[PDB]
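First up is the structure itself, then whatever we jot down about it.
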Amino acid sequence: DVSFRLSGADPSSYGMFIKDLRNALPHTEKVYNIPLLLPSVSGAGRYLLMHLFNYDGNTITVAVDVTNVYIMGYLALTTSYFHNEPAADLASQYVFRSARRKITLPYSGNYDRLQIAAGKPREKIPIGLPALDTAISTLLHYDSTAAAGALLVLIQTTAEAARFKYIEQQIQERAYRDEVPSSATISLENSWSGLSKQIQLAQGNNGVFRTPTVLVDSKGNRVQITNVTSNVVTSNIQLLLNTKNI
Ligand SMILES: *[C@@H]1O[C@H](CO)[C@@H](O[C@@H]2O[C@H](CO)[C@@H](O)[C@H](O)[C@H]2NC(C)=O)[C@H](O)[C@H]1NC(C)=O
Ligand SMILES: Nc1ncnc2[nH]cnc12
Numbered sequence: 001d002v003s004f005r006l007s008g009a010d011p012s013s014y015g016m017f018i019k020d021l022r023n024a025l026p027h028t029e030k031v032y033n034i035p036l037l038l039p040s041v042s043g044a045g046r047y048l049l050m051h052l053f054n055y056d057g058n059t060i061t062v063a064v065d066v067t068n069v070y071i072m073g074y075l076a077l078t079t080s081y082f083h084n085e086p087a088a089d090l091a092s093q094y095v096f097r098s099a100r101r102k103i104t105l106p107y108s109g110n111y112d113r114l115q116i117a118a119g120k121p122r123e124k125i126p127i128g129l130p131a132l133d134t135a136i137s138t139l140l141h142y143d144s145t146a147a148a149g150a151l152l153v154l155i156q157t158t159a160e161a162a163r164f165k166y167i168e169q170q171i172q173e174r175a176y177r178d179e180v181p182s183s184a185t186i187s188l189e190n191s192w193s194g195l196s197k198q199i200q201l202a203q204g205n206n207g208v209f210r211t212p213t214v215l216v217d218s219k220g221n222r223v224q225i226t227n228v229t230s231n232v233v234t235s236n237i238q239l240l241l242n243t244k245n246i
């Protein structure tokens, strides 16, 4: 398990949580010196439990699938919640079995459904440590519309940050003031799968991408990532989605 307390949290204790979250995800191989996540994991070992604690010390346990960093559900008090999709339904067989009741949310977990349910594209939803403390708080009591927005916050803070050092740094900058994500944050979120595959394909292709990945940069404009010498590859991405899952 890993853990994070919003109470007293600063850029460094968050950095330390995001480190632990990365280091909880098993791998047997590194590709260009980036942990390569497993094809699959059987049984309960598939699921990492994150204990998040709001500013007041109230808590939720989030279940994360260690092959893709995908959040499947969480436990609030004696109620478990899960996204409405086959992979979360599977997870429900392994985690939080002692919850008094299980609610299945009325959406799946992908950004497009969550945004629909939230009424907002995540370009318009502030994130940061304060947004994360709100989200923990929201998810403590079932409200499906408000949960969708909180889950957007939760996914980007925790999973998207473990995936990209850049997104981790963005959150750190938003330690005490939330702010909507940069376009490059959005770009990086939406290319994880694409990058993970091109980095794996570069391995028999002299570091060169079979297909270039188009991002948006820090500056605020469009760029093509064509090989493993890119900053995106050499310092930004921290985890690879195995091509066996793409
Ligand atoms: C790999 O990526 C680098 C960019 O990081 C490419 O080189 C650049 O592209 C052209 C020259 O061919 C110039 O516009 C840039 O200034 C170059 N930058 C640097 C730092 O060299 C390179 O062409 C790519 N290689 C492959 C095989 O795709
Ligand atoms: N549920 C989820 N968990 C992690 N990353 C995601 N990206 C979109 N949805 C996600």
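Residue 246 is where the sequence shown ends in the authors' numbering, and the numbering goes up by one at each step.
C-beta atoms are modelled at their ideal positions from N, C-alpha and C, and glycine is treated no differently.
Taking only three categories from DSSP, how would you classify residue i?
| i | result |
| --- | --- |
| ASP65 | strand |
| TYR107 | coil |
| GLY149 | helix |
| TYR142 | coil |
| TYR94 | coil |
| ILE125 | coil |
| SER230 | coil |
| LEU77 | coil |
| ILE60 | strand |
Can you tell me whether residue i sits near ligand 1, meaning its C-beta is under 8 Å from at least one heavy atom of the ligand?
| i | result |
| --- | --- |
| residue 315 | Because the chain is modelled from 1 through 246, residue 315 falls outside the range shown and cannot be assessed. |
| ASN227 | yes |
| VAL208 | yes |
| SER230 | yes |
Leaving out five residues before and five after residue i in sequence, what residues of the same chain have Cβ atoms less than 7 Å from its Cβ?
| i | result |
| --- | --- |
| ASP133 | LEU6, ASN54, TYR55 |
| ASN227 | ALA202, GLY207, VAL208, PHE209 |
| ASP178 | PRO126, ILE127, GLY128, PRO130, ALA131 |
Going by beta carbon distance, what residues of the same chain come within less than 8 Å of residue i, once the five residues before and after it are set aside?
| i | result |
| --- | --- |
| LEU38 | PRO26, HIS27, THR28, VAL66, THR67, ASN242 |
| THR229 | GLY207 |
Which residues in the same chain have their Cβ closer than 6 Å to the Cβ of residue i, if we skip the five residues on either side of it in sequence?
| i | result |
| --- | --- |
| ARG100 | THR78 |
| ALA150 | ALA135, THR138, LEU139 |
| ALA117 | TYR107, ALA148 |
| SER144 | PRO106 |
| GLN198 | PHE209, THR213 |
For residue i, verify whether its CB is less than 8 Å away from any heavy atom of ligand 2.
| i | result |
| --- | --- |
| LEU114 | yes |
| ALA76 | no |
| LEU49 | no |
| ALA159 | yes |
| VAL180 | no |
| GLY109 | yes |
| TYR176 | no |
| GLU168 | no |
| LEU188 | no |
| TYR70 | yes |
| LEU37 | no |
| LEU239 | no |
Can you give the beta carbon distance from residue i to residue j, rounded, assuming they're within the 8 Å contact cut?
| i | j | result |
| --- | --- | --- |
| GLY128 | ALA87 | With 8 Å as the limit, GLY128 and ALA87 do not qualify as a contact, their Cβ atoms being about 28 Å apart. |
| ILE18 | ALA161 | 5 Å |
| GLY73 | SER92 | 7 Å |
| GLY109 | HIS83 | 4 Å |
| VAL64 | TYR70 | 7 Å |
Inset, instruction - Scan the region 170 to 223 and note each continuous alpha helix (DSSP H) run of 4 residues or more that stays entirely inside, going in chain order. - result: 183 to 201
Legend entry - Uninterrupted alpha helix (DSSP H) stretches inside the region 11 to 57 (no shorter than 4 residues): 11 to 24
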